[PDB]
$ cat entry_25.pdb   # PDB, C-alpha atoms (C1' of nucleotides)
ATOM      1  CA  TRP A1151     -22.790  16.616  47.384
ATOM      2  CA  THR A1152     -22.324  20.391  47.115
ATOM      3  CA  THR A1153     -21.098  20.065  43.515
ATOM      4  CA  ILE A1154     -24.238  18.159  42.490
ATOM      5  CA  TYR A1155     -26.277  20.712  44.470
ATOM      6  CA  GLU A1156     -24.691  23.597  42.542
ATOM      7  CA  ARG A1157     -25.268  21.788  39.237
ATOM      8  CA  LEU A1158     -28.942  21.276  40.091
ATOM      9  CA  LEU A1159     -29.226  24.940  41.122
ATOM     10  CA  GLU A1160     -27.775  25.920  37.743
ATOM     11  CA  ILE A1161     -30.414  23.693  36.127
ATOM     12  CA  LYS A1162     -33.303  24.969  38.270
ATOM     13  CA  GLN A1163     -32.505  28.704  38.226
ATOM     14  CA  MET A1164     -32.765  28.810  34.421
ATOM     15  CA  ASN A1165     -35.503  26.134  34.360
ATOM     16  CA  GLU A1166     -38.323  28.705  34.451
ATOM     17  CA  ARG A1167     -36.921  30.254  31.250
ATOM     18  CA  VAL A1168     -35.873  27.027  29.494
ATOM     19  CA  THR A1169     -39.297  25.435  30.059
ATOM     20  CA  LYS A1170     -41.010  28.585  28.763
ATOM     21  CA  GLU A1171     -38.784  28.597  25.664
ATOM     22  CA  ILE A1172     -39.437  24.899  24.981
ATOM     23  CA  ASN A1173     -43.198  25.189  25.570
ATOM     24  CA  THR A1174     -43.323  28.199  23.208
ATOM     25  CA  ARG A1175     -41.064  26.654  20.554
ATOM     26  CA  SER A1176     -42.594  28.197  17.417
ATOM     27  CA  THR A1177     -41.754  25.651  14.728
ATOM     28  CA  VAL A1178     -41.387  26.992  11.194
ATOM     29  CA  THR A1179     -44.288  26.000   8.949
ATOM     30  CA  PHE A1180     -42.100  25.924   5.824
ATOM     31  CA  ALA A1181     -39.636  23.569   7.525
ATOM     32  CA  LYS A1182     -42.554  21.346   8.564
ATOM     33  CA  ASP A1183     -43.888  21.338   4.992
ATOM     34  CA  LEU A1184     -40.485  20.342   3.572
ATOM     35  CA  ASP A1185     -39.706  17.987   6.520
ATOM     36  CA  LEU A1186     -36.647  19.907   7.705
ATOM     37  CA  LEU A1187     -37.142  19.917  11.491
ATOM     38  CA  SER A1188     -34.886  17.721  13.622
ATOM     39  CA  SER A1189     -36.875  14.622  14.622
ATOM     40  CA  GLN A1190     -33.867  12.563  15.733
ATOM     41  CA  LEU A1191     -34.678  12.726  19.456
ATOM     42  CA  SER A1192     -38.462  12.932  18.963
ATOM     43  CA  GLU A1193     -38.736   9.322  17.755
ATOM     44  CA  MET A1194     -37.446   7.765  20.997
ATOM     45  CA  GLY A1195     -39.215  10.245  23.282
ATOM     46  CA  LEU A1196     -36.209  12.382  24.244
ATOM     47  CA  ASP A1197     -38.068  15.622  23.452
ATOM     48  CA  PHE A1198     -38.772  17.966  26.365
ATOM     49  CA  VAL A1199     -41.997  19.426  24.929
ATOM     50  CA  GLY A1200     -45.199  19.234  26.950
ATOM     51  CA  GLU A1201     -43.508  18.595  30.299
ATOM     52  CA  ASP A1202     -41.409  20.255  32.976
ATOM     53  CA  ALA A1203     -37.711  20.192  32.119
ATOM     54  CA  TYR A1204     -36.472  19.511  35.663
ATOM     55  CA  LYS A1205     -38.657  16.441  36.252
ATOM     56  CA  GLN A1206     -37.892  15.175  32.741
ATOM     57  CA  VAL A1207     -34.143  15.543  33.271
ATOM     58  CA  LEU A1208     -34.455  13.844  36.681
ATOM     59  CA  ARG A1209     -36.153  10.883  34.975
ATOM     60  CA  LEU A1210     -33.491  10.996  32.238
ATOM     61  CA  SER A1211     -30.748  10.921  34.887
ATOM     62  CA  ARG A1212     -32.493   7.986  36.596
ATOM     63  CA  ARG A1213     -32.648   5.991  33.364
ATOM     64  CA  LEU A1214     -29.066   6.955  32.439
ATOM     65  CA  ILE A1215     -28.014   5.569  35.824
ATOM     66  CA  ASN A1216     -30.097   2.508  34.886
ATOM     67  CA  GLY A1217     -27.898   2.213  31.784
ATOM     68  CA  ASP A1218     -30.479   2.164  28.964
ATOM     69  CA  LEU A1219     -30.254   5.653  27.454
ATOM     70  CA  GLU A1220     -27.385   5.319  24.892
ATOM     71  CA  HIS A1221     -25.524   8.110  26.660
ATOM     72  CA  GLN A1222     -24.521  10.209  23.620
ATOM     73  CA  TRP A1223     -28.224  10.655  22.834
ATOM     74  CA  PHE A1224     -28.648  12.018  26.370
ATOM     75  CA  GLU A1225     -25.766  14.414  25.657
ATOM     76  CA  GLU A1226     -27.571  15.497  22.472
ATOM     77  CA  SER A1227     -30.827  15.978  24.404
ATOM     78  CA  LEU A1228     -28.975  18.181  26.893
TER      79      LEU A1228
ATOM     80  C1'  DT B   1      47.438  -0.880   6.141
ATOM     81  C1'  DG B   2      45.208   3.165   7.253
ATOM     82  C1'  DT B   3      41.238   6.152   8.275
ATOM     83  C1'  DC B   4      37.620   8.258   9.273
ATOM     84  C1'  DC B   5      33.234   8.542   9.618
ATOM     85  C1'  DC B   6      29.546   5.397  10.967
ATOM     86  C1'  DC B   7      27.837   3.054  14.430
ATOM     87  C1'  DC B   8      27.621   1.596  19.471
ATOM     88  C1'  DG B   9      27.558   2.327  25.057
ATOM     89  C1'  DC B  10      25.953   5.259  27.973
ATOM     90  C1'  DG B  11      23.848   9.988  30.559
ATOM     91  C1'  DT B  12      19.367  12.574  30.322
ATOM     92  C1'  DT B  13      15.024  14.039  29.474
ATOM     93  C1'  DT B  14      10.790  13.462  27.119
ATOM     94  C1'  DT B  15       7.354  10.091  25.205
ATOM     95  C1'  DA B  16       4.103   7.407  24.314
ATOM     96  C1'  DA B  17       2.870   1.850  26.205
ATOM     97  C1'  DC B  18       0.077  -1.004  29.188
ATOM     98  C1'  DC B  19      -2.515  -2.006  32.201
ATOM     99  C1'  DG B  20      -7.120   0.026  35.064
ATOM    100  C1'  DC B  21     -11.181   1.366  34.123
ATOM    101  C1'  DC B  22     -16.097   2.650  31.267
ATOM    102  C1'  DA B  23     -19.588   2.741  27.861
ATOM    103  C1'  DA B  24     -20.765   2.159  22.871
ATOM    104  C1'  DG B  25     -22.547   0.375  18.889
ATOM    105  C1'  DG B  26     -21.280  -1.678  14.702
ATOM    106  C1'  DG B  27     -20.829  -6.400  14.214
ATOM    107  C1'  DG B  28     -19.827 -11.703  14.838
ATOM    108  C1'  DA B  29     -22.722 -15.487  16.072
ATOM    109  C1'  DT B  30     -27.182 -18.056  16.201
ATOM    110  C1'  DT B  31     -32.177 -19.306  14.685
ATOM    111  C1'  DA B  32     -35.840 -19.362  11.518
ATOM    112  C1'  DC B  33     -39.065 -18.545   6.705
ATOM    113  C1'  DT B  34     -38.597 -18.752   2.390
ATOM    114  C1'  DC B  35     -36.916 -19.410  -2.578
ATOM    115  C1'  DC B  36     -34.012 -20.220  -6.679
ATOM    116  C1'  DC B  37     -30.921 -22.950  -8.771
ATOM    117  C1'  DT B  38     -28.196 -26.563  -8.217
ATOM    118  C1'  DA B  39     -28.273 -32.289  -7.662
ATOM    119  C1'  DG B  40     -30.144 -35.641 -11.001
ATOM    120  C1'  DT B  41     -32.504 -37.515 -15.408
ATOM    121  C1'  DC B  42     -34.106 -37.823 -21.019
ATOM    122  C1'  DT B  43     -32.927 -36.751 -25.295
ATOM    123  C1'  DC B  44     -30.153 -34.924 -28.875
ATOM    124  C1'  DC B  45     -27.103 -32.206 -31.619
ATOM    125  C1'  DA B  46     -23.848 -29.006 -32.698
ATOM    126  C1'  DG B  47     -19.372 -28.034 -31.126
ATOM    127  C1'  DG B  48     -15.208 -30.869 -29.939
ATOM    128  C1'  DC B  49     -11.872 -34.774 -31.099
ATOM    129  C1'  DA B  50      -9.437 -38.524 -34.204
ATOM    130  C1'  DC B  51      -7.514 -39.008 -38.874
ATOM    131  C1'  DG B  52      -5.866 -37.526 -43.523
ATOM    132  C1'  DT B  53      -3.349 -34.262 -46.015
ATOM    133  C1'  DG B  54      -1.736 -29.696 -48.916
ATOM    134  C1'  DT B  55       0.977 -26.685 -47.242
ATOM    135  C1'  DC B  56       3.992 -22.553 -45.492
ATOM    136  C1'  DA B  57       7.243 -20.987 -42.290
ATOM    137  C1'  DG B  58      11.668 -22.724 -39.800
ATOM    138  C1'  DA B  59      16.406 -24.920 -40.313
ATOM    139  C1'  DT B  60      20.289 -26.450 -42.769
ATOM    140  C1'  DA B  61      24.279 -24.286 -45.980
ATOM    141  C1'  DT B  62      27.479 -21.031 -47.473
ATOM    142  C1'  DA B  63      29.565 -16.909 -49.586
ATOM    143  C1'  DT B  64      28.899 -12.366 -48.016
ATOM    144  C1'  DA B  65      28.821  -9.428 -44.448
ATOM    145  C1'  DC B  66      28.393  -7.275 -39.766
ATOM    146  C1'  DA B  67      30.358  -6.264 -35.501
ATOM    147  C1'  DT B  68      32.767  -5.316 -31.631
ATOM    148  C1'  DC B  69      37.083  -6.589 -29.353
ATOM    149  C1'  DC B  70      42.142  -6.808 -29.309
ATOM    150  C1'  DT B  71      46.156  -4.760 -30.615
ATOM    151  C1'  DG B  72      49.696  -1.829 -33.226
ATOM    152  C1'  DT B  73      51.121   2.797 -34.405
ATOM    153  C1'  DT B  74      51.097   7.643 -33.784
ATOM    154  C1'  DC B  75      49.568  12.195 -31.405
ATOM    155  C1'  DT B  76      49.984  15.058 -27.971
ATOM    156  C1'  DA B  77      50.717  16.364 -22.970
ATOM    157  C1'  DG B  78      53.767  16.069 -18.951
ATOM    158  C1'  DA B  79      58.056  15.832 -16.229
ATOM    159  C1'  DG B  80      63.141  15.882 -16.339
ATOM    160  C1'  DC B  81      67.411  17.906 -17.915
ATOM    161  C1'  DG B  82      70.596  21.246 -19.678
ATOM    162  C1'  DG B  83      71.982  25.749 -21.752
ATOM    163  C1'  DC B  84      71.566  30.769 -21.191
ATOM    164  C1'  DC B  85      70.990  35.026 -18.492
ATOM    165  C1'  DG B  86      71.019  38.409 -14.593
ATOM    166  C1'  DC B  87      72.642  39.420  -9.847
ATOM    167  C1'  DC B  88      75.803  39.721  -5.769
TER     168       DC B  88
END
$ encode --input "entry_25.pdb" --output "structure tokens"
Amino acid sequence: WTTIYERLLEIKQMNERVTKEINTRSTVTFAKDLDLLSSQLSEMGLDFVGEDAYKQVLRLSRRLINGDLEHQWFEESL
DNA sequence: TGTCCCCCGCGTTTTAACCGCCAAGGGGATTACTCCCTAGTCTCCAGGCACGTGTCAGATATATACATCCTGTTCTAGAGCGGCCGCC
């Protein structure tokens, strides 16, 4: 219990910076013109943009417990 | 018959094997829509098969000729023997 608590504290303490970095992810216009940005996780909805990272990773953990996340993709999302 | 070096029986310490357990994700297995070319004819015709035959390379023949193997004679190296020489 305390180990999972410390892991969630490590998630939440940097969450206010990670969410700000993701929400202000300035994509390169030249990479968008040439189709160079990574859209591997954006097709299945694994992107963290436009939402809080902690609630999204709680939902991701719930579905990974449910066994329909194809776990290595969840590793890539993390 | 010998021998010695190559393999076997066993002590010891690593070393990976098998079961215990967990997901994954290509991949075997199944079902269905569709589509080409293979089953089956019609006709024929040009390549394939039966027959006849001039022929051109293989075999028989034999003196000549290879061709290597077996054997006889000689060359040269090695061990044994005897004569000569120096020392006690």
$ interface_residues --input "entry_25.pdb" --of "chain A" --to "chain B" --cutoff "10 Å" --atoms "only C-alpha atoms (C1' of nucleotides)" --output "PyMOL selection string"
chain A and resi 1217+1220-1222
$ resolve_selection --input "entry_25.pdb" --expression "the PyMOL selection byres ((chain A and resi 1169) around 10)" --output "list in words"
residues 1164, 1165, 1166, 1167, 1168, 1170, 1171, 1172, 1173, 1174, 1175, 1198, 1199, 1200, 1201, 1202, 1203 and 1204 of chain A
$ resolve_selection --input "entry_25.pdb" --expression "the PyMOL selection byres ((chain A and resi 1228) around 10)" --output "ChimeraX atom specification"
/A:1196,1198,1207,1222-1227
$ atom_distance --input "entry_25.pdb" --atom1 "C1' of residue 20 in chain B" --atom2 "CA of residue 1154 in chain A"
26.0 Å
$ axis_aligned_box --input "entry_25.pdb" --around "range 1159-1173 of chain A" --padding-each-side "6 Å" --output "JSON"
{"center_x": -35.5, "center_y": 27.0, "center_z": 33.1, "size_x": 27.4, "size_y": 18.6, "size_z": 28.1}
$ decode --input "entry_25.pdb" --residues "range 10-45 of chain B" --atoms "N, CA, C and O atoms (P, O5', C5', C4', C3', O3' and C1' of nucleotides)" --output "compact mmCIF listing (two decimals), in the first residue's frame"
# COMPACT_ATOMS: atom_id res chain seq x y z
P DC B 10 31.12 -44.79 -10.22
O5' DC B 10 31.83 -43.56 -9.48
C5' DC B 10 32.96 -43.80 -8.63
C4' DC B 10 33.66 -42.50 -8.26
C3' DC B 10 32.76 -41.44 -7.62
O3' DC B 10 33.41 -40.88 -6.48
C1' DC B 10 33.93 -40.51 -9.43
P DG B 11 32.54 -40.24 -5.28
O5' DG B 11 33.12 -38.76 -5.12
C5' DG B 11 34.21 -38.52 -4.22
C4' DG B 11 34.72 -37.09 -4.34
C3' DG B 11 33.72 -35.98 -4.00
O3' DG B 11 34.40 -34.90 -3.37
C1' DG B 11 34.46 -35.72 -6.23
P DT B 12 33.59 -33.80 -2.52
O5' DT B 12 34.11 -32.41 -3.13
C5' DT B 12 34.65 -32.36 -4.45
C4' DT B 12 34.54 -30.97 -5.03
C3' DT B 12 33.33 -30.18 -4.58
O3' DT B 12 33.56 -28.80 -4.83
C1' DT B 12 33.03 -30.78 -6.82
P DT B 13 32.86 -27.67 -3.92
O5' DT B 13 32.67 -26.45 -4.94
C5' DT B 13 33.70 -26.14 -5.88
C4' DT B 13 33.11 -25.77 -7.24
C3' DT B 13 31.98 -24.75 -7.20
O3' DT B 13 32.12 -23.84 -8.29
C1' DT B 13 31.22 -26.73 -8.25
P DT B 14 32.25 -22.26 -8.01
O5' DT B 14 31.65 -21.59 -9.34
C5' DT B 14 30.33 -21.90 -9.76
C4' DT B 14 30.33 -22.48 -11.16
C3' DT B 14 29.24 -21.93 -12.07
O3' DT B 14 29.64 -22.10 -13.43
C1' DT B 14 28.78 -24.18 -11.62
P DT B 15 28.98 -21.20 -14.59
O5' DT B 15 28.75 -22.25 -15.78
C5' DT B 15 28.26 -23.56 -15.49
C4' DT B 15 27.01 -23.86 -16.30
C3' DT B 15 26.08 -22.67 -16.50
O3' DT B 15 25.30 -22.86 -17.67
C1' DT B 15 25.00 -24.25 -15.16
P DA B 16 24.90 -21.60 -18.59
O5' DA B 16 23.55 -22.07 -19.31
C5' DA B 16 23.54 -23.26 -20.10
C4' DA B 16 22.56 -24.28 -19.54
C3' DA B 16 21.09 -24.01 -19.86
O3' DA B 16 20.40 -25.24 -20.03
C1' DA B 16 21.40 -23.99 -17.52
P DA B 17 19.12 -25.34 -21.00
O5' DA B 17 18.58 -26.83 -20.77
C5' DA B 17 18.87 -27.50 -19.54
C4' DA B 17 17.75 -28.45 -19.13
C3' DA B 17 16.41 -28.23 -19.79
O3' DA B 17 15.61 -29.39 -19.59
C1' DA B 17 16.41 -27.32 -17.59
P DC B 18 14.25 -29.64 -20.41
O5' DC B 18 13.18 -29.93 -19.26
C5' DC B 18 13.50 -29.64 -17.90
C4' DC B 18 12.29 -29.77 -17.00
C3' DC B 18 10.96 -29.47 -17.65
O3' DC B 18 9.92 -29.99 -16.85
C1' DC B 18 11.62 -27.65 -16.28
P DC B 19 8.47 -30.30 -17.47
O5' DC B 19 7.46 -29.79 -16.33
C5' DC B 19 7.65 -30.21 -14.99
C4' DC B 19 7.69 -29.03 -14.04
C3' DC B 19 6.36 -28.28 -13.88
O3' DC B 19 6.07 -28.09 -12.50
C1' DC B 19 8.09 -26.76 -14.38
P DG B 20 4.57 -27.80 -12.02
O5' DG B 20 4.45 -26.20 -12.08
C5' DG B 20 5.42 -25.38 -11.44
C4' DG B 20 4.78 -24.13 -10.86
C3' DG B 20 3.43 -23.77 -11.45
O3' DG B 20 2.69 -23.00 -10.51
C1' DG B 20 5.11 -22.27 -12.26
P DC B 21 1.21 -22.49 -10.86
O5' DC B 21 1.45 -21.03 -11.47
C5' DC B 21 2.30 -20.12 -10.79
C4' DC B 21 2.59 -18.90 -11.64
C3' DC B 21 1.43 -18.44 -12.54
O3' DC B 21 1.12 -17.08 -12.27
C1' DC B 21 3.46 -18.50 -13.75
P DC B 22 -0.32 -16.47 -12.62
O5' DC B 22 0.03 -15.11 -13.40
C5' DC B 22 1.20 -15.05 -14.20
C4' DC B 22 1.23 -13.76 -15.01
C3' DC B 22 0.02 -13.53 -15.89
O3' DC B 22 -0.07 -12.16 -16.21
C1' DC B 22 1.87 -14.11 -17.24
P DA B 23 -1.46 -11.37 -16.06
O5' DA B 23 -1.60 -10.59 -17.44
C5' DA B 23 -1.31 -11.26 -18.66
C4' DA B 23 -0.48 -10.38 -19.58
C3' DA B 23 -1.12 -10.10 -20.92
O3' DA B 23 -0.63 -8.89 -21.47
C1' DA B 23 0.74 -11.53 -21.22
P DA B 24 -1.26 -8.30 -22.82
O5' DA B 24 -0.29 -8.84 -23.97
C5' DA B 24 1.07 -8.42 -24.01
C4' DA B 24 1.74 -8.84 -25.32
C3' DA B 24 0.90 -8.63 -26.58
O3' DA B 24 1.74 -8.21 -27.65
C1' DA B 24 1.38 -10.95 -26.31
P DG B 25 1.19 -7.16 -28.73
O5' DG B 25 2.16 -7.39 -29.99
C5' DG B 25 2.99 -8.54 -30.05
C4' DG B 25 2.39 -9.59 -30.97
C3' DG B 25 1.43 -9.04 -32.04
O3' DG B 25 1.82 -9.53 -33.32
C1' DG B 25 0.49 -10.89 -30.94
P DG B 26 1.47 -8.70 -34.65
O5' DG B 26 1.94 -9.66 -35.83
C5' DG B 26 3.28 -10.12 -35.88
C4' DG B 26 3.35 -11.63 -35.73
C3' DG B 26 2.89 -12.43 -36.96
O3' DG B 26 3.72 -13.56 -37.11
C1' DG B 26 1.62 -13.07 -35.09
P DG B 27 3.66 -14.44 -38.46
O5' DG B 27 2.55 -15.54 -38.15
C5' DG B 27 2.66 -16.36 -36.99
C4' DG B 27 1.46 -17.29 -36.86
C3' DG B 27 0.80 -17.71 -38.18
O3' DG B 27 0.47 -19.09 -38.12
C1' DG B 27 -0.81 -16.83 -36.74
P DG B 28 0.38 -19.97 -39.46
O5' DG B 28 -0.72 -21.08 -39.12
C5' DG B 28 -0.40 -22.16 -38.24
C4' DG B 28 -1.63 -22.67 -37.51
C3' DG B 28 -2.67 -23.36 -38.39
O3' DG B 28 -3.26 -24.45 -37.69
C1' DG B 28 -3.63 -21.43 -37.38
P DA B 29 -4.14 -25.54 -38.47
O5' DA B 29 -5.64 -25.01 -38.30
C5' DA B 29 -6.23 -24.94 -37.01
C4' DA B 29 -7.59 -24.27 -37.06
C3' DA B 29 -8.47 -24.68 -38.25
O3' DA B 29 -9.68 -25.26 -37.78
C1' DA B 29 -8.43 -22.30 -37.98
P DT B 30 -10.74 -25.87 -38.82
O5' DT B 30 -11.81 -24.69 -39.00
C5' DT B 30 -12.48 -24.17 -37.85
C4' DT B 30 -13.39 -23.01 -38.24
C3' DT B 30 -14.29 -23.27 -39.45
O3' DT B 30 -15.65 -23.04 -39.11
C1' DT B 30 -13.17 -21.18 -39.65
P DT B 31 -16.82 -23.40 -40.14
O5' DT B 31 -17.18 -21.99 -40.82
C5' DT B 31 -17.61 -20.91 -40.01
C4' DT B 31 -18.01 -19.71 -40.86
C3' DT B 31 -18.74 -20.04 -42.16
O3' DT B 31 -19.88 -19.20 -42.31
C1' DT B 31 -16.87 -18.65 -42.61
P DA B 32 -20.93 -19.44 -43.50
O5' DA B 32 -20.62 -18.24 -44.52
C5' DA B 32 -20.75 -16.89 -44.07
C4' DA B 32 -20.17 -15.91 -45.08
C3' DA B 32 -20.64 -16.10 -46.53
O3' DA B 32 -20.93 -14.84 -47.11
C1' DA B 32 -18.30 -16.08 -46.45
P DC B 33 -22.00 -14.70 -48.30
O5' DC B 33 -21.52 -13.37 -49.07
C5' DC B 33 -20.18 -12.91 -48.92
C4' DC B 33 -19.78 -11.99 -50.05
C3' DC B 33 -20.49 -12.23 -51.37
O3' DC B 33 -20.37 -11.07 -52.20
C1' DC B 33 -18.28 -13.09 -51.48
P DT B 34 -20.81 -11.09 -53.74
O5' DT B 34 -19.46 -11.44 -54.52
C5' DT B 34 -18.33 -10.58 -54.41
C4' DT B 34 -17.11 -11.14 -55.13
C3' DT B 34 -17.30 -11.51 -56.60
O3' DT B 34 -16.12 -11.19 -57.32
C1' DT B 34 -16.51 -13.38 -55.44
P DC B 35 -16.18 -10.75 -58.86
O5' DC B 35 -14.68 -10.98 -59.37
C5' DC B 35 -13.76 -11.72 -58.55
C4' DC B 35 -12.94 -12.72 -59.35
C3' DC B 35 -13.24 -12.78 -60.84
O3' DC B 35 -12.11 -13.33 -61.51
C1' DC B 35 -13.94 -14.79 -59.84
P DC B 36 -11.50 -12.62 -62.82
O5' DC B 36 -10.49 -13.72 -63.41
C5' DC B 36 -9.37 -14.17 -62.63
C4' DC B 36 -9.17 -15.68 -62.73
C3' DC B 36 -8.98 -16.25 -64.13
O3' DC B 36 -8.15 -17.39 -64.05
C1' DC B 36 -10.93 -17.17 -63.18
P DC B 37 -6.85 -17.54 -64.99
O5' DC B 37 -6.51 -19.10 -64.89
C5' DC B 37 -6.81 -19.82 -63.70
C4' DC B 37 -7.68 -21.03 -63.99
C3' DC B 37 -7.43 -21.70 -65.35
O3' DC B 37 -7.44 -23.11 -65.20
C1' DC B 37 -9.71 -21.18 -65.13
P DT B 38 -6.07 -23.94 -65.34
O5' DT B 38 -6.44 -25.38 -64.76
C5' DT B 38 -7.07 -25.50 -63.49
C4' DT B 38 -8.42 -26.17 -63.62
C3' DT B 38 -8.51 -27.26 -64.71
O3' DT B 38 -9.14 -28.44 -64.18
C1' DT B 38 -10.25 -25.70 -64.96
P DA B 39 -9.19 -29.82 -65.03
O5' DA B 39 -10.75 -30.15 -65.15
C5' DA B 39 -11.40 -30.91 -64.14
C4' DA B 39 -12.87 -31.17 -64.47
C3' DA B 39 -13.13 -32.04 -65.70
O3' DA B 39 -14.27 -32.85 -65.49
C1' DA B 39 -14.06 -29.88 -66.04
P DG B 40 -14.56 -34.11 -66.44
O5' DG B 40 -15.29 -33.48 -67.72
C5' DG B 40 -16.54 -32.81 -67.57
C4' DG B 40 -17.10 -32.38 -68.91
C3' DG B 40 -16.66 -33.21 -70.12
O3' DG B 40 -17.78 -33.46 -70.95
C1' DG B 40 -16.22 -30.94 -70.52
P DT B 41 -17.86 -34.80 -71.83
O5' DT B 41 -18.35 -34.27 -73.27
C5' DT B 41 -17.61 -33.25 -73.92
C4' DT B 41 -18.51 -32.38 -74.77
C3' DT B 41 -18.38 -32.60 -76.27
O3' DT B 41 -19.53 -32.11 -76.94
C1' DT B 41 -17.42 -30.53 -75.71
P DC B 42 -19.93 -32.69 -78.39
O5' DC B 42 -19.02 -31.86 -79.42
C5' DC B 42 -19.13 -30.44 -79.49
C4' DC B 42 -18.92 -29.93 -80.92
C3' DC B 42 -18.44 -30.96 -81.92
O3' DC B 42 -18.82 -30.57 -83.24
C1' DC B 42 -16.68 -29.43 -81.40
P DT B 43 -18.39 -31.44 -84.52
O5' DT B 43 -17.04 -30.73 -85.03
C5' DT B 43 -17.08 -29.37 -85.45
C4' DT B 43 -15.70 -28.86 -85.83
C3' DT B 43 -14.88 -29.79 -86.73
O3' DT B 43 -14.25 -29.01 -87.74
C1' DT B 43 -13.64 -29.26 -84.80
P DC B 44 -13.78 -29.69 -89.12
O5' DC B 44 -12.21 -29.39 -89.17
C5' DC B 44 -11.73 -28.08 -88.89
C4' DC B 44 -10.30 -28.11 -88.36
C3' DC B 44 -9.32 -28.95 -89.18
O3' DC B 44 -8.07 -28.29 -89.24
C1' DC B 44 -9.27 -29.64 -86.96
P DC B 45 -7.68 -27.34 -90.48
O5' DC B 45 -6.29 -26.70 -90.03
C5' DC B 45 -6.02 -26.50 -88.64
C4' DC B 45 -4.80 -27.29 -88.20
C3' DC B 45 -3.88 -27.73 -89.35
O3' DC B 45 -2.53 -27.46 -89.01
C1' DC B 45 -4.47 -29.59 -88.02
